[PDB]
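Visitor: Below you'll find the structure I mean.
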Amino acid sequence: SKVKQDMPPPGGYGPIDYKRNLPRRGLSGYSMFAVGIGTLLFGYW
Amino acid sequence: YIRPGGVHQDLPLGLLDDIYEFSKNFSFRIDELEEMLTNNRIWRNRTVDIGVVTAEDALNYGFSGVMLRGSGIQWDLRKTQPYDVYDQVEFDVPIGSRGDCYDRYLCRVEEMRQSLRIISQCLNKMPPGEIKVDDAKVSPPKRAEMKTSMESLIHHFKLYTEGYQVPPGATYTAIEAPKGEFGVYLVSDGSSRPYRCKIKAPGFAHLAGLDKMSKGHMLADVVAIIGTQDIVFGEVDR
Amino acid sequence: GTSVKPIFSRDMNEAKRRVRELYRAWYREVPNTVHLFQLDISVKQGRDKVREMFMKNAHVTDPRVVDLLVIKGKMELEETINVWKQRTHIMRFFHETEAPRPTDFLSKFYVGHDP
Amino acid sequence: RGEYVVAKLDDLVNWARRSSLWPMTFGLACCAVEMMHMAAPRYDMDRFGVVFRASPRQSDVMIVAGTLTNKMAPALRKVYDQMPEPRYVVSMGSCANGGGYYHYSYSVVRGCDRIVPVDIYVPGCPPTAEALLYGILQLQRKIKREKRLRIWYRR
Amino acid sequence: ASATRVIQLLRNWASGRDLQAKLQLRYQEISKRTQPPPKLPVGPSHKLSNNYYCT
Amino acid sequence: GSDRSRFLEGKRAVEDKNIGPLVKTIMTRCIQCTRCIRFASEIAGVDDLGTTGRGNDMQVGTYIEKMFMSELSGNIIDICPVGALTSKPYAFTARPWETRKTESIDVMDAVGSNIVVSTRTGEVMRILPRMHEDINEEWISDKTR
Amino acid sequence: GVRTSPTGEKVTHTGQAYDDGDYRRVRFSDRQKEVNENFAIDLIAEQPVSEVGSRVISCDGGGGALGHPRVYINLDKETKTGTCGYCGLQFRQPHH
Amino acid sequence: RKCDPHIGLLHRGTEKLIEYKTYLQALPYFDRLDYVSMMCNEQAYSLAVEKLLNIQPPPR
Amino acid sequence: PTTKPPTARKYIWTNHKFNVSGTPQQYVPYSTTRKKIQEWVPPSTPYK
Amino acid sequence: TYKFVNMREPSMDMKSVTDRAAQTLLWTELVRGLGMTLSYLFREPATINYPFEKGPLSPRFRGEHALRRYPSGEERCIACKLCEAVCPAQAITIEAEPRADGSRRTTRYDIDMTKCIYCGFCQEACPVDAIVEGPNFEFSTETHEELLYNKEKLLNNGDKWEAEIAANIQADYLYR
Amino acid sequence: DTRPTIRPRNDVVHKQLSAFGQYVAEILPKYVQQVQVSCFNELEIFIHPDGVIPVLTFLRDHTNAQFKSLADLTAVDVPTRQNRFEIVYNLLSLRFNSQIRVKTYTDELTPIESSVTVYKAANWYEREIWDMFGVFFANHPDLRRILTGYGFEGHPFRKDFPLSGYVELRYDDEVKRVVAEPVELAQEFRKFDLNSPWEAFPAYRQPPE
Amino acid sequence: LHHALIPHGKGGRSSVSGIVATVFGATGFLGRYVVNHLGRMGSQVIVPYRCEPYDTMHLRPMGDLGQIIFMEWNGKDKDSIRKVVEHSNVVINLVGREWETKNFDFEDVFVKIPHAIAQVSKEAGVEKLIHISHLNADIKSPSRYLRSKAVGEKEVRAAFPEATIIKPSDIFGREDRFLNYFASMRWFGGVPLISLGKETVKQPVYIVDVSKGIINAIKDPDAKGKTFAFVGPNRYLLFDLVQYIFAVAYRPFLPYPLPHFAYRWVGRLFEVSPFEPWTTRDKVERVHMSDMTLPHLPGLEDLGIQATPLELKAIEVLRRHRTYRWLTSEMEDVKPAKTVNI
Amino acid sequence: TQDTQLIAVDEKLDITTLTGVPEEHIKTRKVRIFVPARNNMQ
Ligand SMILES: NC(=O)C1=CN([C@@H]2O[C@H](COP(=O)(O)OP(=O)(O)OC[C@H]3O[C@@H](n4cnc5c(N)ncnc54)[C@H](OP(=O)(O)O)[C@@H]3O)[C@@H](O)[C@H]2O)C=CC1
Ligand code: SF4
Ligand code: SF4
Ligand code: SF4
Ligand code: SF4
Ligand code: SF4
Ligand SMILES: [K+]
Ligand SMILES: [Zn+2]
């Protein structure tokens with residue numbers, strides 16, 4: 001019986017992500033302002 | 001677990017895979033932390049520009065670790081004084097520009113990502129080898145050899161009565177703790193027991209800075225100073 | 001080798017000097033420490049407590065040590081003035097709970113093998 | 001019957017108190033962190049009463065976690081008297097139980113019994129986080145076997 | 001795992017991330033708790049010859 | 001000494017010679033240093049023990065069964081470098097690190113032999129013959145130990 | 001075999017038995033002493049004696065590494081069945 | 001303006017007992033030194049002791 | 001255990017107890033050693 | 001190698017200022033924080049249902065000392081007292097005596113539960129694997145005295161568990 | 001160093017500290033008694049008591065030494081030696097990644113002018129020394145009992161101070177307050193005589209003194 | 001002494017003094033202090049408890065490991081006593097209810113149980129017994145407090161030949177319901193006491209002086225049979241208590257000499273509350289009655305315990321009643337009461 | 001050789017008052033020395 005201690009597989013392991021991957025979600029700066037003004041004008045009317 | 005002369009026990013079968021399972025997903029949770037804390041204006045305006053400390057004042061106050069690196073100082077124990085195999089692994093040292101509580105907070109979370117990198121390399125670098133030194137005068141002989149051979153019986157017997165005979169002298173072997181610089185002044189008379197072991201407390205100097213980091217600042221900033229220092233009441237109090 | 005470095009007391013008088021205002025401050029200290037700390041101790045037995053402490057150690061003649069108790073007594077006073085010390089600490093000097101240790105050889109004998 | 005009436009009232013009061021303790025944290029050492037994992041979702045305690053109201057005045061049971069020091073001795077004690085009854089204290093870990101690993105030391109009083117009346121003892125160094133949940137549960141059943149209104153009826 | 005589809009897209013949208021790809025609870029990737037006998041290696045100096053403690 | 005073993009064969013076990021209700025013999029542990037036989041014939045001046053056998057099978061003992069009975073018979077226990085000869089009454093009672101040796105003198109004889117007391121936790125376990133040369137050297141008789 | 005004292009106090013294998021006059025018996029009423037009923041003296045006594053035809057017999061005690069160190073047992077005493085100090089298992093030399 | 005972080009409220013004379021114990025029994029003190037990063041303290045103690053001992057740990 | 005019964009042995013408890021504390025089945029510490037300082041048991045009858 | 005952290009530069013162009021002004025007025029990173037928590041609301045909890053659900057452990061768990069016995073029946077502890085010497089808290093109190101049979105047996109084996117630390121040193125001490133730390137943690141008490149264990153309790157604990165701890169050391173003595 | 005048991009030695013820096021040790025020794029020979037290095041590449045230069053100011057002011061300000069990181073202010077009691085208290089400094093050089101260590105000798109009474117000027121980190125350490133070992137330091141801004149209990153007696157790390165201490169504490173009902181009675185241990189510290197009477201290391205053996 | 005009953009130690013917590021003082025009904029006032037004194041030098045004080053263990057929990061800290069052995073007991077059960085005093089080498093009685101209960105007729109609390117524990121203790125094989133009587137114990141007095149005390153006092157005297165009976169005066173302490181009582185007329189009303197206080201002289205005694213008396217009586221062998229009276233240092237006419245107590249607490253002094261006729265009515269109305277009879281008809285004439293000198297029986301002064309003056313320690317019990325504006329006031333600001341005494 | 005206002009201390013040093021040991025533990029404590037006798041079995 002040869003060495004049987006806990007060993008990683010010969011290919012090591014799956015490449016594990018470690019970067020900061022904050023997904024940029026949102027809307028255009030003017031788009032947010034435009035839709036805000038549009039609702040106000042509709043509400044006023 | 002980590003004992004003088006190696007490590008006590010061996011890794012249980014399959015655990016390295018479980019470490020990979022945890023590591024593969026822990027990056028997601030830190031994206032959750034940074035999104036929740038870093039970007040939010042409440043976290044910045046309450047914690048940024050709070051408790052600043054100049055580089056010369058920081059270092060000359062005996063500060064270490066996140067105290068120095070966050071406050072501009074360019075120094076890390078593993079990169080500069082390579083102890084153990086830390087030289088072989090690769091990582092980055094996330095130093096800061098200003099050095100307030102927020103900058104230290106970001107320095108901590110970037111070291112977390114860097115910690116994941118070090119975990120990745122070492123876990124794939126696991127060797128075939130024994131867990132403790134092949135010197136029965138410092139390392140306990142194997143339990144199979146315990147009940148098989150006389151030398152092993154004596155060596156474990158004496159190691160478990162008085163321990164091992166440490167050559168006299170003194171040292172200040174110091175490594176970076178995840179909080180700061182942790183060291184010990186272990187002076188040995190030469191018997192089987194230590195003579196005097198003064199433990200460097202990484203927060204000992206860090207808690208000394210509470211005077212100025214809270215000076216000129218609000219009362220609520222005091223706990224912010226403590227929080228970004230992460231004062232743990234086991235070392236500053238021996 | 002008899003000639004050694006002194007701390008503050010170059011002579012006996014300066015050691016006698018520092019003891020003076022130390023008692024001056026401490027004599028002015030007893031009535032209020034009782035008052036703020038809500039100690040059920042009258043001022044009088046607070047004052048002479050400082051008194052017999054003062055000559056419980058006023059026998060040594062070395063000038064290097066006498067001023068060391070001066071600063072030790074000096075700073076035991078500082079810790080008291082600013083409510084750092086609590087009720088247990090002030091009372092701790094006022095020994096209460098233990099029975100008087102034996103006085104005659106009859107009492108040493110009756111308690112136990114202790115001398 | 002009268003004994004039934006005092007039994008129903010005893011159950012109503014006991015069931016309320018045992019099921020909704022409001023512990024106040026007095027962690028001093030590594031015994032604090034492992035109880036503080038009971039707050040972590042793995043062994044959630046807020047599932048049964050014990051909640052974040054804290055405010056040592058608004059507290060039923062006090063958990064003394066970690067080593068107890070002589071300079072810590074009076075300040076911990078005066079907290080206990082200010083703690084309104086029914087007040088019970090939980091002894092966390094070998095250090096708070098009887099001094100543990102620092103029993104022969106000058107800056108630690110061996111055990112919390114010398115200071116406060118300990119109602120329950122949880123061994124460990126540190127006790128596993130779930131083991132305290134058991135200790136809280138066994139304290140909960142300890143309240144269940146209380147006869148305050150029953151003993152008053154006998155009087 | 002667990003959850004249903006329409007819930008997943010709800011939390012996928014609110015977090016801006018694909019949580020189903022990797023989660024924070026172990027379901028089946030965990031290694032089997034019982035494991036084969038771990039035959040450990042020997043010491044580097046484990047040899048019947050030329051291994052005196054004089055060296 | 002080394003830090004491992006190189007022995008793969010079996011061992012040898014010796015029959016325990018039974019002598020005295022005061023000294024215990026485990027002859028398998030004997031290293032055949034013969035210190036017992038010399039401290040017997042020269043010091044005690046009595047013929048009691050031998051080295052019966054030859055080679056690996058030579059054994060320290062009396063051949064024919066006896067009971068070695070000298071006044072200073074309780075001294076070979078200390079001269080024995082191993083536990084081949086041990087003290088029966090103190091046997092299996094206390095161990096070195098527990099004991100806090102305290103020195104005194106013997107009273108059972110007018111000699112006043114310097115001795116070492118072995119209090120462990122509030123009671124006396126064994127008596128050691130403190131070395132002083134003139135009064136008792138480092139040997140004490142049985143009635144004192 | 002656990003034995004009881006005159007006051008009904010069962011004795012332990014060490015032999016401790018608090019007498020009636022002992023004030024230290026008051027912790028015993030309303031509660032109990034835990035007594036290891038399996039008295040270690042007589043779960044070895046009933047164990048038989050194995051027969052091995054050799055002058056020296058190993059005494060690993062089974063279980064391989066799970067046991068006691070293999071102290072070798074001398075077997076030449078006809079009047080004394082050689083037992084192991086570790087495990088107490090009596091070993092015997094065939095009756096010549 | 002002025003801050004004094006008084007300490008001692010947890011103080012244990014850790015190295016006072018370290019003197020009376022040997023190195024192996026001293027090891028659990030270090031794990032209890034920092035109750036957050038425990039094994040890092042074990043790392044410092046083990047490095048210091050095996051630095052004096054002139055013995056290096058195996059690569060595994 | 002239905003698929004793997006534990007190693008059956010004589011001294012193993014045949015019935016697993018719960019936490020006996022609180023019940024009259026608690027545990028009480030007591031010396032398991034024997035007294036080693038016996039008195040003189042003064043004999044009776046005569047007078048000096 | 002190294003890396004800064006707070007070295008991002010804010011762009012002064014019309015586009016960049018608009019997003020920052022929109023972020024300040026129309027709180028978006030705050031809403032991003034809201035979305036993070038809400039997505040977690042619909043995330044299943046990980047609350048183990050004690051006592052019915054119990055947290056995972058490993059075959060190496062340390063707690064609740066219990067002397068074992070040989071397959072014959074005699075207890076393992078030969079009073080070799082390495083556990084006493086090793087015990088870093090001196091919680092062990094062992095007094096030896098020659099038993100009537102002749103082999104040793106401890107007449108006094110008290111380990112003070114509230115001095116012990118469950119470091120697992122004691123099992124590594126005795127070469128007869130006499131004392132081990134079992135898998136129990138469910139021995140919280142209400143009086144300080146019952147924590148003070150003795151030889152009788154230790155044997156009773158050993159006889160109580162034995163079978164569970166019998167397999168534990170069988171699956172772990174290879175590592176040791 | 002083909003054998004993996006012993007740690008390899010490093011000679012290139014080993015000679016470097018000795019060269020730097022002589023470099024410091026020649027500059028200020030008025031205060032350096034003796035300088036030496038150990039096997040584990042740790043140099044120590046030994047200073048006279050009244051030398052706390054300039055030697056550290058040297059290492060803190062020298063363009064070729066510039067040791068500014070104050071590591072620890074330890075003390076080591078040696079009852080045999082007349083100046084039993086041995087105050088030990090420790091400095092780290094940021095640019096030259098080295099660890100200097102200077103230590104002095106001091107009696108119970110003899111002071112040391114506070115080195116808070118060269119390193120204000122010593123200030124908070126300085127409180128501990130007078131608490132922990134009891135050595136008073138001259139002209140110290142505020143040298144306070146900061147880590148031991150309030151109103152403690154003596155210095156616990158003097159090797160004449162019992163491990164258990166002198167006073168134990170308990171809550172007393174008749175005073176409704178914690179009273180400090182003299183210690184009365186439930187169990188006595190079972191000291192262990194752990195000293196093999198055979199020679200441990202022929203290398204570091206003390207010759208007949 | 002018995003093999004293990006022999007004393008040992010320096011009087012610490014873990015020092016065996018060899019006195020096994022099973023105290024009866026220690027869950028209140030004097031029980032709390034005596035066990036505190038009993039546990040100081042170390043003693044197996046077996047306290048039979050009958051209430052909820054929670055209320056007895058606070059007796060635990062004043063005992064070493066395995067010292068305060070709470071034991072379940074009931075007054076009616078004959079075997080209840082026999083189990084708790086079987087091994088106790090000394091028995092300290094403290095049973096008695098200063099107020100009244102329907103199930104506990106006032107005869108019982110000083111006649112039935114005190115006799116019900118004295119005879120079992122003498123049958124068990126004890127050495128000593130201390131039943132606490134009253135300094136004014138007198139059956140012929142209209143005080144049921146005194147009426148039940150005296151008859152029970154001689155019963156245990158007759159039953160137990162070595163019954164060292166203690167007759168303390170009106171003890172005062174943190175929970176004496178005597179000082180905190182006398183502060184409570186301000187809360188209740190206009191001090192409805194009788195004759196403005198100029199009809200009753202009493203001699204209060206500080207509890208520690210009392211409790212030190214029993215333990216000193218424990219070590220004293222000649223105390224058997226002798227009936228010691230525990231008396232304070234000075235007497236005090238009843239009016240002096242009222243003005244001094246209202247002074248050391250800074251309370252609005254509103255004295256009123258309400259005669260005994262109407263003051264007896266308020267006693268029953270205080271018993272009306274079916275939770276605790278704040279004041280009883282027994283307590284009506286209890287304070288009106290004055291303390292007899294009783295000079296022939298020996299006192300604690302010859303026993304080695306001196307007497308602490310009342311005015312030496314009043315706010316230690318009365319600072320609680322002092323309002324926030326005057327909680328800081330000590331004795332010195334307050335004039336001492338007129339020492340109407342010997 | 002150390003000339004800074006040195007005081008010619010001719011009386012033997014007595015630091016007993018600084019260490020603050022209890023008074024019953026400085027007089028009623030015979031303190032003794034000797035060099036341990038070798039353990040005769042070793
Ligand atoms: N000034 C004074 O008050 C003086 C009082 N005394 C007498 O001293 C005794 C003790 O005084 P003190 O400690 O202040 O009183 P407390 O009311 O504070 O305590 C009385 C004790 O008696 C116990 N007790 C009484 N009757 C019973 C019963 N039937 N069954 C069980 N327990 C019972 C109570 O137990 P539980 O709490 O469970 O009911 C309690 O422990 C009383 O008899 C008192 O009258 C003597 C001289 C002066
Ligand atoms: S019992 Fe153990 S874990 Fe708890 S405080 Fe003490 S040493 Fe730390
Ligand atoms: S002294 Fe001991 S080891 Fe030496 S020969 Fe005699 S029995 Fe054998
Ligand atoms: S202790 Fe010494 S004599 Fe005894 S068995 Fe071990 S090696 Fe042999
Ligand atoms: S686990 Fe450690 S502390 Fe506990 S009894 Fe074993 S050796 Fe002693
Ligand atoms: S170490 Fe093991 S064999 Fe030795 S005394 Fe302790 S329990 Fe028994
Ligand atoms: K020998
Ligand atoms: Zn065997």
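Residues are named by chain letter and number: chains run A, B, ... in the order of the structure tokens, numbers start at 1 in each chain, and ligands are numbered from 1 in the order shown.
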Would you mind listing what lies within 12 Å of residue 91 (chain C) as a list in words, with only C-alpha atoms counted and same-chain residues fewer than 3 positions away left out?
Guide: residues 33, 34, 37, 38, 39, 40, 41, 46, 49, 80, 85, 86, 87, 88, 94, 95, 96 and 97 of chain C; 151, 175, 177, 178, 179 and 180 of chain K
Visitor: List as an MDAnalysis selection string the protein and nucleic acid residues near residue 76 (chain L), meaning an atom at most 10 Å away when only C-alpha atoms are counted, but skip any in the same chain fewer than 6 places from it.
Guide: chainID L and resid 112:113 116
Visitor: List all protein, DNA and RNA residues that have any atom at most 8 Å from ligand 6, counting only C-alpha atoms and all ligand atoms, and write the list as a VMD selection string.
Guide: chain J and resid 67 76 to 84 94 106 122 to 132
Visitor: Smallest atom-to-atom distance to ligand 1: which of L:87, L:174, L:40, L:313, using only C-alpha atoms and all ligand atoms?
Guide: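 Comparing L:87, L:174, L:40, L:313 against ligand 1, the winner is L:174.
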Visitor: Please, which residues have at least one atom within 10 Å of an atom of ligand 8, using only C-alpha atoms and all ligand atoms, listed as a PyMOL selection string?
Guide: (chain G and resi 57-62+67-73+83-91) or (chain J and resi 70)
Visitor: Quick one: which residues from chain K are at most 9 Å off chain H, using only C-alpha atoms, as a short mmCIF file (atom, residue, chain, number, x, y, z; two decimals) with N, CA and C atoms, in the first residue's frame?
Guide:
data_model
loop_
_atom_site.label_atom_id
_atom_site.label_comp_id
_atom_site.auth_asym_id
_atom_site.auth_seq_id
_atom_site.Cartn_x
_atom_site.Cartn_y
_atom_site.Cartn_z
N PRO K 4 17.04 16.91 5.94
CA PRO K 4 15.92 17.84 6.13
C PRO K 4 15.51 18.07 7.58
N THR K 5 16.20 17.47 8.55
CA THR K 5 15.81 17.62 9.94
C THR K 5 16.22 18.98 10.49
N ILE K 6 17.51 19.28 10.47
CA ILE K 6 18.01 20.55 10.98
C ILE K 6 17.68 21.65 9.99
N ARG K 7 17.48 22.86 10.50
CA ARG K 7 17.28 24.00 9.61
C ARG K 7 18.61 24.44 9.02
N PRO K 8 18.64 24.81 7.74
CA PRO K 8 19.89 25.29 7.15
C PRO K 8 20.32 26.62 7.75
N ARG K 9 21.63 26.80 7.84
CA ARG K 9 22.18 28.08 8.26
C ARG K 9 22.36 28.99 7.05
N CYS K 39 23.40 31.54 16.28
CA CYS K 39 23.29 30.70 15.09
C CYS K 39 22.13 31.14 14.22
N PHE K 40 21.00 31.49 14.83
CA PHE K 40 19.81 31.84 14.06
C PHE K 40 19.84 33.31 13.66
N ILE K 146 -1.22 49.63 34.70
CA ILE K 146 -2.20 49.62 33.61
C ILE K 146 -2.72 48.23 33.28
N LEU K 147 -2.01 47.15 33.61
CA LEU K 147 -2.44 45.82 33.21
C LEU K 147 -2.81 44.93 34.38
N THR K 148 -2.20 45.12 35.54
CA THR K 148 -2.58 44.37 36.72
C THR K 148 -3.82 45.00 37.36
N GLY K 149 -4.28 44.41 38.46
CA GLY K 149 -5.47 44.91 39.11
C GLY K 149 -5.23 46.22 39.83
N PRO K 156 4.24 40.78 40.10
CA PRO K 156 4.03 39.32 39.97
C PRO K 156 5.14 38.57 39.24
N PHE K 157 5.81 39.19 38.27
CA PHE K 157 6.88 38.50 37.55
C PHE K 157 8.25 38.64 38.18
N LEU K 163 2.92 31.99 41.99
CA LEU K 163 2.04 31.91 40.83
C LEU K 163 0.59 32.14 41.21
N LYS K 191 3.95 20.92 41.61
CA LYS K 191 5.16 21.21 40.86
C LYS K 191 5.79 19.92 40.36
N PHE K 192 6.38 19.98 39.17
CA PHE K 192 7.04 18.83 38.57
C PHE K 192 8.53 19.12 38.43
N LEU K 194 11.36 18.66 36.55
CA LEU K 194 11.63 18.26 35.17
C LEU K 194 13.02 18.77 34.79
#
Visitor: Using only C-alpha atoms and all ligand atoms, which protein or nucleic acid residues are at most 8 Å from ligand 4, as a PyMOL selection string?
Guide: (chain B and resi 150+154) or (chain F and resi 29-30+81-84)
Visitor: Hey, what's within 10 Å of residue 75 (chain L) if we count only C-alpha atoms and toss same-chain stuff fewer than 2 positions away? As a list in words, please?
Guide: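 Once the nearby chain positions are removed, what remains is residues 50, 73, 77, 78, 79, 80, 81, 95, 104, 108, 109, 112, 113, 114, 116 and 117 of chain L.
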Visitor: Rank nothing, just name the residue among B:234, B:96, B:190, B:169 nearest to ligand 2, using only C-alpha atoms and all ligand atoms.
Guide: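 The closest residue to ligand 2 is B:234.
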Visitor: Could you tell me, counting only C-alpha atoms and all ligand atoms, which protein and nucleic acid residues lie no more than 7 Å from ligand 1, written as a PyMOL selection string?
Guide: chain L and resi 24-31+49-51+74-75+94-98+104+109-110+113+132-135+167-172+176-178
Visitor: Mind writing the picked residues with C-alpha atoms as a compact mmCIF listing (two decimals), in the first residue's frame?
Guide:
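Output saved as again10.txt:
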# COMPACT_ATOMS: atom_id res chain seq x y z
CA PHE L 24 -33.00 25.36 59.79
CA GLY L 25 -34.76 27.94 57.65
CA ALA L 26 -31.76 29.98 56.50
CA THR L 27 -33.59 31.54 53.53
CA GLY L 28 -33.91 34.96 55.15
CA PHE L 29 -31.98 37.60 57.11
CA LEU L 30 -30.10 35.89 59.92
CA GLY L 31 -29.85 32.66 57.95
CA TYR L 49 -34.70 24.43 52.02
CA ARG L 50 -38.46 24.41 51.53
CA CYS L 51 -39.10 27.31 49.13
CA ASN L 74 -41.15 19.80 55.06
CA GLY L 75 -42.15 20.93 58.54
CA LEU L 94 -33.48 29.48 62.89
CA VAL L 95 -37.09 28.53 62.13
CA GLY L 96 -39.87 31.02 62.78
CA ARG L 97 -42.21 33.39 60.95
CA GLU L 98 -42.42 36.96 62.21
CA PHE L 104 -48.83 28.14 60.00
CA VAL L 109 -43.62 28.67 64.22
CA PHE L 110 -42.23 28.81 67.76
CA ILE L 113 -41.35 22.83 64.68
CA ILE L 132 -33.12 31.20 68.81
CA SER L 133 -35.58 32.62 71.35
CA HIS L 134 -36.33 36.31 71.93
CA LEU L 135 -34.70 38.57 74.52
CA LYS L 167 -32.47 35.34 73.12
CA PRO L 168 -31.37 38.27 70.95
CA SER L 169 -33.01 41.67 71.16
CA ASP L 170 -34.58 43.47 68.20
CA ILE L 171 -31.89 42.71 65.62
CA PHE L 172 -31.20 45.18 62.82
CA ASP L 176 -34.29 43.26 59.32
CA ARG L 177 -37.88 44.50 58.71
CA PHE L 178 -37.07 46.65 61.76
